[PDB]
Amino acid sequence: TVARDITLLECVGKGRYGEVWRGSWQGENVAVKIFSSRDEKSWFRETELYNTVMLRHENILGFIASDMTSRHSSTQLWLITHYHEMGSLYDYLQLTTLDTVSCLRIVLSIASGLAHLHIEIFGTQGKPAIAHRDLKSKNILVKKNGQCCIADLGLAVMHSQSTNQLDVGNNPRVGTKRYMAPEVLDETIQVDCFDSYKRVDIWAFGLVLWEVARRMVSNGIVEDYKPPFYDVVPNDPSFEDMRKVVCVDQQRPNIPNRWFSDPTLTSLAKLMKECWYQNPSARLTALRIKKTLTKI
């Protein structure tokens, strides 16, 4: 097994979810995610997407292996992937500023990964449509070629159109609250429409776009890194804090005045806005976002 042969070198993240480690396998770095015994359903879900759907793309974090052992005494659950030494988009944006080329390359690579997840491809290379449900800057990793890939499919839901089957799962985990869409916060989300879940991803994508664009330099000016809604909610905000801001007050992240002196940041401001409509059916699709980014 890949797991018995791996040496854990350093913990690069710990949380409610479990732990992610840098490890060594056959002389190469790998990333190991060790799940809490209480998050067992996430491990299975992510595993079965990778091992049964054969989900593979430049902009989706690359699967190597998955291992589990269980006795009455204890259960260990490991997901092993490629290691990206630059870390998350969240870590990266704190240390670094961007130019037009490197900003476009980041947001274009996210949109490609998301569109690949959302689109149903039939038959031989087959794949159902997949919604992520926890998109955020921490779940995006930065590669050395300046592109990004999307990680963490523990909450993903699938839909096949050859069948009429929606696979939600029975997972007690739910999204990161800061990135939750209006319809999730006010509970008007159409829980039996698969498209509802894609539109929730598009909302979160818009917030990530905002995060990245802030760090693009324009006419000698740049903002510091902030997470969405930094000015109106505390760290680790509650469901209710987010509901007041997003539903009741209808707030969206502020667009700095300086962006409208730059053609690219101007084009990105318009996309962001079309991800954030209160009405989910009015939001753009992942494919359209990709096409619009391609046009610049």
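Don't overthink the numbering: it's just position in the shown sequence, from 1. If you superpose the two forms and keep the largest set of C-alpha atoms that fall within 1.5 Å, you have the rigid core.
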Open item on the list: After superposing on the rigid core, which of 74-82 and 217-225 has its C-alpha atoms sitting farther from this form in 6 other deposited structures of this protein?
Closed with: 74-82
Task: Farther-lying stretch by C-alpha RMS in 6 other deposited structures of this protein, rigid core as reference, of 8-16 and 278-286 - done: 8-16
Open item on the list: Tell me whether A111 turns out to be unmodelled in at least a third of the other entries of this protein, restricted to those that model residues on both sides.
Closed with: no
Task: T163 dropped in a third or more of the other entries - done: yes
Open item on the list: Can you tell me whether 269-277 has a higher mean C-alpha B factor than 8-16 in this record, or the other way round?
Closed with: 8-16
Task: Mean C-alpha temperature factor, higher of 155-163 and 211-219 - done: 155-163
Open item on the list: In terms of recorded Cα temperature factor, pick the maximum from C103, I130, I150, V191.
Closed with: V191
Task: Deposited CA B-factor, highest of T264, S238, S66, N59 - done: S238
Open item on the list: Please say which third, lowest, middle or highest, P253 falls into when its CA temperature factor is compared across its chain.
Closed with: middle
Open item on the list: Ranking the modelled residues of this chain by C-alpha B-factor as given in the entry, is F122 in the lowest, middle or highest third?
Closed with: highest
TODO: Using the B-factor values recorded in the entry, state whether the Cα atom of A31 falls in the lowest, middle or highest third among the modelled residues of its chain.
DONE: lowest
Task: For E85, the third of its chain into which the C-alpha B factor falls - done: middle
Open item on the list: Based on the deposited C-alpha B factors for this chain, I'd like to know if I202 is in the lowest, middle or highest third.
Closed with: lowest
